[PDB]
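These values consider heavy atoms only, across backbone and side chains, with no hydrogens, waters or symmetry-generated copies. By convention in this document, chain letters (A, B, ...) are assigned in the order of the sequence lines, proteins followed by strands, and residues within each chain are numbered from 1.
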Number of protein chains: 2
Amino acid sequence: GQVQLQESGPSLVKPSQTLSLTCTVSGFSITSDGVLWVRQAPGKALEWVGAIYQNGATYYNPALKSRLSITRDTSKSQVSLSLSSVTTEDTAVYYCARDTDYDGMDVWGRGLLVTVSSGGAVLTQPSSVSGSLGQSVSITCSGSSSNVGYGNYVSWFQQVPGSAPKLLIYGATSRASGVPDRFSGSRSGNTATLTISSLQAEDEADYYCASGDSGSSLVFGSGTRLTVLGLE
Amino acid sequence: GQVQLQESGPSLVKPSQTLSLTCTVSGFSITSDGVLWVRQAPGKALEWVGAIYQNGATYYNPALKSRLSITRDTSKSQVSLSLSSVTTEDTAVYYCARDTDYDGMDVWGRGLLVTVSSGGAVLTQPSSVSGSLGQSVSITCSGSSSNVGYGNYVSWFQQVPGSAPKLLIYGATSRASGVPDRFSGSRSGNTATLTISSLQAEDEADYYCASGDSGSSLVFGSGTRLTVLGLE
């Protein structure tokens, strides 16, 4: 992969100060693809932070809008994130990713952990599910007419321990590039479903649904942990 | 940090072919610091692959030497690894790290997973140890006169779930920059010991002891999983 994104910054940020990160991209222009920021607090789901698109138009998670600024420098291929008035609740791995016209959020950086410390809105998924080698497994995601209902702007991600999400299915049904076809997506009203046939040992991971939402936001589900039953 | 290292290469290699990776460094010269390669097969201990130093002098893991070549391009800040005659047993996350004069293997790349597929010398550690918040805990590593007994060339690493090792201790004692001082290391004949006083929640990880050997090979231990007992 020549397309890549890398987050950079100072992790440790004292409470009440501003947290500032830079995402440096290579192998493509921000004038052709959007860039988004996602975070994941140690031991939580994925939360959308905000996005900046080709024309520089920006979009923010309403819960964070209070202290968020996203900017960009075209010449240096950089996208900046500033988060003000940081507290311990902003401790997280911060991820940037690309958002493309026809391939979905396909490429993500590796993630940068930021710890905030001093002296030393709703998509529902079953939290767990399991199946054995060879058989199929379904993971459902419930929302509403604003989002999963609004139409076919549903994504599914895979995340293994300590690692950036990998896009599986975008447009609710379309398989991303390089994704094996034992993965498929469907949608029915306010519900979207991922199906994994021919379960494999390496499918054991957490799974996240995400959906566009009427107020130009992006919402993630609560995550589903999949376990595979072997014979070993 | 300014210092960073990044592995880059193909997606998957076919068996009996040549796996080739490139390590690009930034924030320092290979003419000032050595570069080493380490790998980690799924669910398995760290294994040293080989090293190239400031004068280009190379050193290899005897078990892999047969099909190993490490090269470098100084003008471009690159170090190259070639592994021939790959089989399924070479599937692994490959890591490239810096070896310094006075700071140990302090900085490591993020790791690149490489799987070898078609269309379908000994350091002993206990496998587990555990403790509640605040207590001290010890992890022991046995070898021999060639290695842990050779002298004070012992390191300790920490690895969380899907992440590059972090150096804790070097010189069999000297703690590393930025490492908190509840970690200490001691040595007593053919045995080296890492002690963590005041166990913290984020110490929950695997721990590896590595040692220089007589034959200028680096050897890693079998790994120790440390669990912390909450009240949750």
Contact class of B:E202 relative to chain A, heavy atoms under 4.5 angstrom: neither
Chain B contact residues among residues 76-111 of chain A, heavy-atom distance under 4.5 Å: A:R110, A:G111
Straight-line distance of B:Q6 CD to A:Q6 CD, nearest 0.5 Å: 6.0 Å
Partners passing side-chain hydrogen bond (donor to acceptor under 3.5 Å, both in side chains) against A:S69 (at least two apart in sequence or in another chain): none
Whether over 12 other heavy atoms sit under 6.0 Å from B:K44 NZ: no
Which atom of A:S163 lies closest to which atom of B:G162, heavy atoms considered: OG-O, 4.4 Å
B:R72, CZ: over 12 other non-hydrogen atoms inside 6.0 angstrom: yes
Residues in residues 10-34 of chain B that sit under 4.5 Å from chain A, counting heavy atoms only: none
More than 12 heavy atoms from other groups under 6.0 Å of NZ on A:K166: no
Listed partners of A:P180 passing side-chain contact (heavy atoms from CB on, under 4.5 Å), at least two apart: A:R182, A:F183
